[PDB]
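K.L.:
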Amino acid sequence: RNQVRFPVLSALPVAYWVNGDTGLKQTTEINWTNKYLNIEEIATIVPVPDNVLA
Amino acid sequence: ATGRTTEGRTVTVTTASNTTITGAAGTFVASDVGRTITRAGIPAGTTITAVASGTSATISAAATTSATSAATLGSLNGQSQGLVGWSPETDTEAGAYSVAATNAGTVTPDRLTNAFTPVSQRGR
């Protein structure tokens, strides 16, 4: 068909230290997005006189 | 090395002729509220009703005289603290572990602050 979609990764998690053995922990979330391929067309046309073909 | 305890202690304290008591540095601490206090110039059954600093506190009745003297602070049954014995943590450093204190960035009494110091045991 005229177009097709690829999903792709777009951001990454990270990690942390905490302040001593009792410090408050921290948050992260991963993400994705899209990329596309799409279609186009080539043509040519060739004329000739009917007598030449005979 | 001083920590917390339920058992009583003796202290030197100054009376104003009202509900106010004062004394030297470290004579009072936050856990003392609800203890009995027995001194000359103090009416019978008097208790610590509030504490305001290491040097000052409030009592349930007016002192009858203004003077400085030795005085006795009573023991208590261990309802107003979880502990019945003694613990190495004092009242202030025992407070350090809350979420609010953790946000304020206050160091615990045992956060090893330098790369080359040893960990060490406390004693009485």
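If you read the protein sequences in the order shown, they are chains B and A.
Mapped onto my numbering, the consecutive letters of the first sequence carry residue numbers 362 to 415.
Mapped onto my numbering, the consecutive letters of the second sequence carry residue numbers 5 to 128.
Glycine is no exception: its CB is placed at the ideal position from the N, C-alpha and C atoms.
Under a CB-based cut-off of 7 Å, is A:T106 close to chain B?
P.N.:
In terms of beta-carbon proximity, A:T106 lines the interface with chain B, with at least one pair separated by less than 7 Å.
K.L.:
Just mark A:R39 as buried or exposed, buried being the case when its beta carbon has 16 or more other beta carbons within 10 Å.
P.N.:
buried
K.L.:
Residues of chain A with CB under 8 Å from residue 351 of chain B, in chain order?
P.N.:
Because chain B here runs from 362 to 415, residue 351 of chain B falls outside it and cannot be looked at.
K.L.:
On the three-state DSSP scale, how would you describe B:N380?
P.N.:
coil
K.L.:
If you run the structure through DSSP and keep just helix, strand and coil, what is B:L370?
P.N.:
strand
K.L.:
Which residues does DSSP pair with A:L77 in a beta bridge?
P.N.:
A:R13 and A:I41
K.L.:
Return yes when the Cβ of B:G381 is within less than 7 Å of the Cβ of A:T112, no when it is not.
P.N.:
yes
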